[PDB]
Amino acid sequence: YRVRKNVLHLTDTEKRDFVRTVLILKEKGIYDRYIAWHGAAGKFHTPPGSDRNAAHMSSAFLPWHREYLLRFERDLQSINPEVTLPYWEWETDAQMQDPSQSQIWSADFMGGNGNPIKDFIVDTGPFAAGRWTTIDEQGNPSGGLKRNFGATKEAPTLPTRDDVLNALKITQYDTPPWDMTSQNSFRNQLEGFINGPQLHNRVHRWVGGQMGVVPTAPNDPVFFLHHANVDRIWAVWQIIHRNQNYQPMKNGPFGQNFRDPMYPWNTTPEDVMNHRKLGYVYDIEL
């Protein structure tokens, strides 16, 4: 099936085609759908007055994003059928002396860190301001992609391989009360609220700029590379604990159970439980 590859193993040509396909999606008005859907789920609380939302801080975090990526990728392939979504393996970059030296940040791919004299506006790469129009929380143009690697003092480093390995050991998908306080929960740990920010959250913070905030995060195309890695880690977790399943199955908040629709779609967690049936694998499976 479709193979999702480590960013570091992409050809320069596979690289160029992905960037180019993302630019075509932006130009068409399609990319903005993804920014919007994500901000909208972020405001949709399950139940209202609570601190879970459709896409974060609860059991749906993982399948929600798997669905998001699947949809994103099909759109990619409507433009170019040879393109799949790659993943950013940040736990290896965390190894590098200077993470900000990773080739993912090359001018030919995601482009670079922000310019501190311009308020951390990004001015190298295909998504530099003037080449890529971002949208503020309201749905209007915002003036340009920003990034500020490792500057947030609580998230100065990327997650390590050991962080990923320790998460892979948790036997449970998730526990009550199915939120950011869930303990011994693979979901809450991979998401990063288990004494973090760690893993998923930590990467967001580390990148800074739009990636640092929920409502604006997907303005940075690297959002999708980050999330493919989270999805990958979940896929590996499911392979290991083959007899473990999504929790909760029932009785949890509406929108959070195995067969509830995940706003803003009708897709349920159960629809996306098996990634191979969605048509794709990660190169490591292989």
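Basically, rigid core = biggest C-alpha set you can superpose within 1.5 Å across the two forms. Residue positions are given as counts along the sequence shown, with the first one as 1.
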{"query": "Which of 84-92 and 133-141 lies farther from this form in 5 other deposited structures of this protein, as RMS of C-alpha positions after a rigid core fit", "finding": "133-141"}
{"query": "RMS Cα shift after core superposition in 5 other deposited structures of this protein, winner of 238-246 and 42-50", "finding": "238-246"}
{"query": "Residue stretch of maximal mean CA temperature factor, 112-120 vs 196-204", "finding": "112-120"}
{"query": "Selected stretch [higher average CA B-factor]: 60-68 or 25-33", "finding": "25-33"}
{"query": "Of the residues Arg259, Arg232, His226, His38, the one carrying the largest Cα B-factor as recorded", "finding": "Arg259"}
{"query": "Member of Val83, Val213, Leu145, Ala167 with the greatest C-alpha B factor (per the PDB record)", "finding": "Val83"}
{"query": "Third of chain Cα B-factors occupied by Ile239", "finding": "middle"}
{"query": "Chain-wide C-alpha B factor ranking for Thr267, given as lowest, middle or highest third", "finding": "middle"}
{"query": "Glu191 - Cα temperature factor, lowest/middle/highest third of chain", "finding": "lowest"}
{"query": "Ranked C-alpha temperature factor of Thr181 among modelled chain residues, by third", "finding": "middle"}
{"query": "CA B-factor ranking of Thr157, expressed as a third of its chain", "finding": "middle"}
